[PDB]
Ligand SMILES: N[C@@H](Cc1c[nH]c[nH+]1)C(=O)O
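Below you will find one chain, with nothing else, as structure tokens; this is the form solved without the ligand, and questions on how it binds or moves follow later.
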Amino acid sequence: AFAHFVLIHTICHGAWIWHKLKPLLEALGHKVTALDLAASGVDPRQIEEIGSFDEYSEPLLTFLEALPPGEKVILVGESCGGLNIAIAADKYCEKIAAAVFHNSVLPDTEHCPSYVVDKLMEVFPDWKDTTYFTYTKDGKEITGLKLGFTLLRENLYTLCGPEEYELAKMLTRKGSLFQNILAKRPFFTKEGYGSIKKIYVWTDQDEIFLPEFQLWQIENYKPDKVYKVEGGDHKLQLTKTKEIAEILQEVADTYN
């Protein structure tokens, strides 16, 4: 079967991390949309204009709103992208055939929206040469960050080529986890987000979303299906592009 995949990047990244996976999925016959979220990739906004993870998710929400009745997509979110999936699923669950988490955070419905992020910051507290700043938006102080080049090299793009790591130094932009905003956000709902099919893809070789964090998430909120990719790194759509496309073909064949 063929599906319409909507690939969702993580904070500080853009559609560009999917540049190897998107042609591979199209060569299997799939339709693929790779979005730039707010203030991400070549989106015109700067991060200081964005006051929450929900505002950050506007390109994804606008995309789903534009789908005609009856058209369903499979959302694919990497790293912090699981939070965009959860926000989207609480507004457009009828339009989501399934959600695939790719070395991704997996929010739940029983604890606050920041819960899994608070746990990630406990398991991985040192983001090395990453710099931080603050800005004010809608009466709240938001902590912005710019991913450090050594963190990018060693923990996110560990086994990626020098030309792939070069794209990350050139294209990663200022972003935010909006952690304190997620902590006061209304919980994700059981009827929206809780109802969607959730496929969790990961590798135990991920150097930032470590096995203790990812196995903790799998135990916290049981996925419908789990795929473990052997080897690779945190950016599996770059180091294991073929294996991710094979898993996504199986999801397209299982969930519609």
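Start at 1 with the first residue shown and count on from there.
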{"query": "Selected stretch [higher average CA B-factor]: 204-212 or 183-191", "finding": "183-191"}
{"query": "105-113 versus 82-90 - greater average Cα B-factor per the deposited record", "finding": "105-113"}
{"query": "Residue of maximum C-alpha B factor among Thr33, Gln46, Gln217, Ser52, per deposited coordinates", "finding": "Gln46"}
{"query": "Selection by C-alpha B-factor (highest) of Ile199, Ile196, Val229, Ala39", "finding": "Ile196"}
{"query": "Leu75 - Cα temperature factor, lowest/middle/highest third of chain", "finding": "lowest"}
{"query": "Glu26 - which third its CA temperature factor falls in, relative to the rest of the chain", "finding": "middle"}
{"query": "Modelled-residue ranking by C-alpha temperature factor, third containing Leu145", "finding": "highest"}
{"query": "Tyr165 CA temperature factor, ranked by third within the chain", "finding": "lowest"}
{"query": "Chain-wide C-alpha B factor ranking for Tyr255, given as lowest, middle or highest third", "finding": "highest"}
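One more form of this protein, solved in complex with the ligand, exists but is not displayed; see below.
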property	result
All of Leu7, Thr241 and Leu248 with a heavy atom within 4.5 Å of the ligand in the deposited complex	no
Partner-facing stretch of 179-187, 161-169, 77-85, 135-143, counted where any non-hydrogen atom is within 4.5 angstroms of the ligand in the deposited complex	77-85
Heavy atom within 4.5 Å of the ligand in the deposited complex - residue from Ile196, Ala38, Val229, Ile208	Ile208
Partner contact for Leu236 in the deposited complex: the ligand, 4.5 angstroms, heavy atom	no
4.5 Å heavy atom contact, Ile11 and the ligand in the deposited complex	yes
In the deposited complex, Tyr115 touching the ligand (heavy atom, 4.5 Å)	no
Non-hydrogen atom contact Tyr92 with the ligand in the deposited complex at 4.5 angstroms	no
Contact set, 103-139 vs the ligand in the deposited complex - heavy atom within 4.5 angstroms	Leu120, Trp127
